[PDB]
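Protein chains in written order, with PDB author numbering: chain OH, 22 to 141; chain SZ, 205 to 400, 404 to 466; chain OU, 97 to 152; chain ST, 207 to 257, 262 to 320, 325 to 338, 377 to 507.
Here's the structure, in structure tokens; my notes come after.
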RNA sequence: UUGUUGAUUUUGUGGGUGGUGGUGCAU
């Protein structure tokens, strides 16, 4: 189980319990409130100022939140559920998500332990 | 208890709401959603005595400002009760226009509406008149296919009651793109009234509303069920088919292609 | 329409330190993270609609 | 009777003034409460209270996302009986037949008449081609029999629903296609008459579908070709006239 | 897109619907 394939069921499970903050605005609100447990960030954001900020908020001394780096924003939007499902089997009309933050996990899975072990 | 000055102020607010018909609401009433104890503040405004105009604007004010979880309480505790109270006490058992528009406004938030108005109603002795009035609102207002599919799936899991069958008919009449998970559940619903071991639903008498809903499903999703599901539904008609609707339903099922 | 309005509310220093450039609404319904709109004469909340003086 | 009417009018007026007085009292109360908002809000603010989902509610959130993952079905309509379709089809034939008969008698649709017209007359990936050359730009390298395929693909790639303005692009394409049909006829085709026949009729069939939705655009181009050919007849006479002109008058009758 | 909010809307193309409609009739 790769880390990327681990993050697949992660962002899907968190969706089922409405525990995902989707968008730059929602992600930052979660981080400032301390409601964030995990941060997933896109390396390919055109504006570096977004990258500097989520990193800064995630690395705040009072509330240190783990951060994850992902190549493309389009695929995170698919993981955050933004995209729509077609007759064939592939995702379509997917809306790229620059930042996604996990508020509530919902269920305890084995995929947790690897990610938390990886950060530790 | 709220501050006695606050109680007097909101007491005067409520008196305005009794006779309010048009214009600007009292500014104190406007900021109630932004309060943690809006329930306590709302109680002193006497929600039962709100004029129908206040109920319409109150639904606009609170559904937009309150969270989804909080809007469910507002819909469930006030709007649902007012919708029931007006129908029960009215001479013709009709619903006031302003309340009729309020229920549409609450439907702007599907999750809160479904869990606050529809599901509590059908599970709390909904009557045919209530279902007809509520069903009409659901018919006209645009509702998401996803939210409706979840709502239709749940109603297909509840015990049979004609008031619930109406809402099942309305949702089917909407002509949504139901996911096949919902379609399979819909097949299961009509598969539970066939004679086989089976429950009372097998021998339970079926009103026309059940047949019309089953014709409604047949006319549309005949192209979205498997051949086995077609055979199961086809032989359901053979056991529970209606005199006049039944033959028509047979034609629609046979005209469809398996998915 | 305003683009990346959230970006403007807060700033980065070269060391990664994050500072908030707007005051946050004191209302616990708003909780934390609700930033007041800065007008010439007043601070305005978009959620609670409360009005605060700029220098209060 | 008159005294009853006056009492009714007086009673209505007496009721109207009471409503206005009540409305004014309501407005005055609203003004006072608004003035007292800040005092009420502050005391309310100080006394604010300090900071598990239902099993049914949990299921719904599980359902909603699961339904999101699942595929969605296409909706279909009720199948009309063969008699109803024939009755409908027989009806639709009737009005069209009746509409044609009235027009042979002089009914003019804008329903004016021919006589109205005779007043004052005697006293005084895939690229959409907006131009005829642009259609050829995509089709130099394609064979003669390949013209219907590219032309059909252009319509598919620019259907009205796909994007805004596709109606205009196809409407212009309708005019562009018509000139292509004329253009091919002028070109020599004795070598490959059979291949030309496979293209020439196919393009006309496509134009017929386009004309059904773009008769306005087609008619404007049709007039322009009509207008142009007098000017060529105005200088070249028969040398202006070619096979395509004979073809053109044929296509107009079709469409 | 709402009034701050988060996909609930907006836009373009097609498109089904008379229905909190009445009046009588047959337990």
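Note that CB positions come from ideal geometry on N, CA and C, so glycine has one too.
Does any C-beta atom of chain OH lie closer than 7 Å to the C-beta of residue 257 of chain ST?
no
Should residue 125 of chain OH go down as buried or exposed, given a rule of 16 or more other Cβ atoms within 10 Å for buried?
exposed
For chain OU, find out if any of its Cβ atoms is closer than 7 Å to the Cβ of residue 67 of chain OH; answer yes or no.
no
Using a Cβ cut-off of 7 Å (strictly closer), state whether residue 28 of chain OH contacts chain ST.
no
Inter-residue Cα distance where the pair is residue 254 of chain ST and residue 239 of chain ST
20 Å
Let me know the secondary structure DSSP gives residue 42 of chain OH once reduced to three states.
Looking at residue 42 of chain OH - three-state DSSP - the assignment turns out to be strand.
Indicate whether at least one CB of chain OH lies closer than 7 Å to the CB of residue 112 of chain OU.
yes
With contact counted as at least three CB pairs below 8 Å, one residue from each stretch, are the stretch 89-102 of chain OH and the stretch 129-147 of chain OU in contact?
no
Checking contacts by CB at 7 Å: is residue 238 of chain SZ closer than that to chain OU?
yes
Interface residues of the stretch 234-260 of chain SZ facing chain OU [CB-CB below 8 Å]
234, 235, 238, 239, 240
Contact with chain OH by residue 102 of chain OU, beta-carbon distance below 7 Å
Taking 7 Å as the CB threshold, residue 102 of chain OU lines the interface with chain OH.
Measure the C-alpha to C-alpha separation of residue 246 of chain ST and residue 209 of chain SZ and round it to an integer number of angstroms.
7 Å
Report yes if the C-beta distance between residue 420 of chain SZ and residue 461 of chain SZ is below 7 Å; otherwise report no.
Taking a C-beta distance under 7 Å as the contact criterion, residue 420 of chain SZ and residue 461 of chain SZ do not qualify as a contact pair.
How about the stretch 262-272 of chain SZ and the stretch 275-285 of chain ST: do they share at least three Cβ pairs that are nearer than 8 Å?
no
Using a Cβ-Cβ distance under 7 Å, would residue 133 of chain OU count as near chain OH?
no
So residue 31 of chain OH packs on residue 132 of chain OH, CB below 8 Å; how close in whole Å?
Taking the Cβ atoms as the reference, residue 31 of chain OH lies roughly 6 Å from residue 132 of chain OH, within the contact range of under 8 Å.
By a C-beta neighbour count over all protein chains shown, 10 Å radius and 16 as the cutoff for buried, is residue 239 of chain SZ buried or exposed?
buried
If I follow the unbroken alpha helix (DSSP H) through residue 465 of chain ST, where does it start and stop?
445-465
Cα-Cα, which of ST:325, ST:224, ST:378 is closest to residue 411 of chain ST?
The residue with the shortest Cα to Cα distance from residue 411 of chain ST is ST:378.
Rounded to the nearest angstrom, what separates residue 397 of chain SZ and residue 364 of chain SZ at their Cα positions?
Taking the straight line from one Cα to the other gives about 10 Å.
For residue 383 of chain SZ, name the three-state secondary structure that DSSP assigns.
strand
Can you give me the C-alpha to C-alpha distance between residue 376 of chain ST and residue 418 of chain ST, rounded to a whole angstrom?
Missing from the coordinates: residue 376 of chain ST, inside the break in chain ST from 338 to 377.
Quick one: residues in its chain with C-beta nearer than 6 Å to the C-beta of residue 152 of chain OU, no 5 flanking neighbours on either side, listed in chain order?
The beta carbon of residue 152 of chain OU is closer than 6 Å to none in its chain, skipping five residues each way along the sequence.
The stretch 406-415 of chain SZ contacting the stretch 431-440 of chain SZ, beta-carbon criterion three pairs below 8 Å
In short, these stretches do not touch, since the Cβ pair count stays below three.
Within the same chain, show all residues whose beta-carbon is closer than 6 Å to that of residue 56 of chain OH, passing over the 5 residues directly before and after it, in chain order.
124
Mapping DSSP to helix, strand and coil, what is residue 120 of chain OU?
strand
Quick one, which residues of the stretch 138-151 of chain OU are near chain SZ if we go by CB-CB under 9 Å, in chain order?
141, 143, 144, 145, 146
Start and end residues, beta strand (DSSP E) containing residue 107 of chain OU:
106-108
Classify residue 310 of chain ST as buried or exposed, calling it buried when 16 or more other Cβ atoms lie within 10 Å of its own Cβ.
exposed
According to DSSP, is residue 397 of chain SZ helix, strand or coil?
coil
For residue 124 of chain OH, decide whether its Cβ has a neighbour in chain OU, counting only Cβ atoms nearer than 7 Å.
Contacts with chain OU at 7 Å (Cβ-Cβ) do not include residue 124 of chain OH.
Taking the alpha-carbon positions, what's the residue 274 of chain SZ to residue 95 of chain OH distance?
33 Å
Does the beta-carbon distance from residue 437 of chain ST to residue 327 of chain ST come in below 7 Å?
No, the pair does not count as a contact, with Cβ atoms beyond the cut-off.
Do residue 105 of chain OU and residue 114 of chain OU come within 7 Å of each other at the CB atom, strictly closer than that value?
no
Do residue 300 of chain SZ and residue 230 of chain SZ come within 7 Å of each other at the CB atom, strictly closer than that value?
no
Quick one: is residue 22 of chain OH buried, meaning 16 or more other Cβ sit within 10 Å of its Cβ, or exposed?
exposed
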